[PDB]
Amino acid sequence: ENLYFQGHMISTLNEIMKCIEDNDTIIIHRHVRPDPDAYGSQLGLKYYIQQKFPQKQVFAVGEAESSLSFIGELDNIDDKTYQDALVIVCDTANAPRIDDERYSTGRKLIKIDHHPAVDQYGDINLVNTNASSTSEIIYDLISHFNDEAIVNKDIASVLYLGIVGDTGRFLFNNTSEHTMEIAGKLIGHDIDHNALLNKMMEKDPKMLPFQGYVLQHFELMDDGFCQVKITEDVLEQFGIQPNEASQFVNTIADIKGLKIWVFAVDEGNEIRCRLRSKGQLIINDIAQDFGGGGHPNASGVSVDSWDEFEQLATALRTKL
């Protein structure tokens, strides 16, 4: 938290708003396979700009996810809308993982994210790994410009869901005192947080038999390591898609004596692995060692065979 980082944060914040002020059309993108924080940061920024600058044309684009559609509706726009437009990307550490490839077809590109800065693809890169979520960064932006009063029910609701998504509702280690203070203020806007959380947690009945496979086929070792391996034949047995299977990475997290676990889904020509750890244990390092990365307690790796998975395992078990 050096004094220089802080000064650069203020300047970056100020620069972003000038880019917003100087642009009539603002288009906001997020990552493929969106989560609540993706939807909440994108839409929250959209609604914030729309409230502060009611003449500007602000759009939120990408492929909609039916599980998240309750958060808000996305915009379908023409390729011409991008001409001399400001493009902002939320929540996306790597440019290949952005959901619409037109993010580069504009005059300016801004990145706002809370993942370690490894791909500085913006002309402006706002990165704060000390934030719980990109949603929380968006509220920090609002607070910087003393606009906390323009926050209405819509902004507060989508930003609240985004913080909740990335903290597991204030559970994970990325929840700070600042995180709780923001979420308190958001609830202050009468958003009926219980109703929102109930909607977000509601389950598609057709996915539950697969979740039961996880509960019955997890492998916990006395070491504190656990593994769940989903083969291509399993996804076929249950009629589910690999992104759908990935949403069950934390199904086993409450097991007594759990320390490190990996959730591996063979997506065909690539096994997507979600690496998770308890406490101050570190897995982000082993993730980078295999071409992956993310948070030290929540990172992702892809391998190309089950023999290479076993190496991801062995390496992870050395960390105790």
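So that there is no doubt, residue numbering starts at 1 and follows the sequence shown.
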Using only C-alpha atoms and the B-factors in the entry, which stretch averages higher, 258-266 or 26-34? 258-266
On mean Cα temperature factor in this entry, is 173-181 or 234-242 the higher one? 234-242
The largest CA temperature factor among 93, 163, 226, 137 is found at 226
Would you mind checking where the Cα B-factor of residue 205 ranks among the modelled residues of its chain, as the lowest, middle or highest third? middle
CA B-factor placement of residue 113, once the chain's modelled residues are sorted into thirds: lowest
Within this chain's modelled residues, let me know which third the CA B factor of residue 43 belongs to: lowest, middle or highest. lowest
Split into thirds by Cα B-factor across the chain's modelled residues, where does residue 106 land: lowest, middle or highest? highest
Assigned third (lowest, middle, highest) for the C-alpha B factor of residue 211: middle
